[PDB]
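Here the structure comes first, spelled out in structure tokens, and everything after it is commentary.
Just so you know, all these numbers are worked out from the coordinates, no wet-lab data involved. Note: ideal-geometry Cβ built from the backbone for every residue, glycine included; neighbour counts use all protein chains shown.
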Amino acid sequence: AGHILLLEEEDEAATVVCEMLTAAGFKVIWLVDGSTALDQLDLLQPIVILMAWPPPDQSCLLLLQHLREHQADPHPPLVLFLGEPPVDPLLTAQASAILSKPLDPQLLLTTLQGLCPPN
């Protein structure tokens, strides 16, 4: 099991992404605002967080601020950028994996499994 957080705008675009992950058996939440994610993120506390980087994006910036405030914390999540890669090196450094044209959604699953959580 594992909760995945996704920030994106446009029901059509979000539906596509959700369809791929949903098919993978993973649950993804579609949020149109970073503040909304913080409200739930704290409650669900996901191990992976994906955020759109395209121009129509901007709410993801608020989420990044949160990470900066509590960047240091056991069980370090995972940040993935959808679309094109960030120009600033600060986001790239904090980026867990850049997505764009990955072979099958299986690569994404590999990143999630790469956590190896023992319980």
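Things to note:
- Each of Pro89, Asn119, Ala23 was scored by the projection of its Cα onto the charge dipole of the chain, and the greatest displacement toward the positive side belongs to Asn119; charges sit on the C-beta of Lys, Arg, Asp and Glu.
- In this rough spin-label picture, where each label sits 7 Å from Cα along the Cβ direction, the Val32-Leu90 distance is 2.8 nm.
- Rounded to the nearest 20, the Cβ-based charge dipole of the chain about its Cα centre (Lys and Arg +1, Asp and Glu -1) stands at 480 debye.
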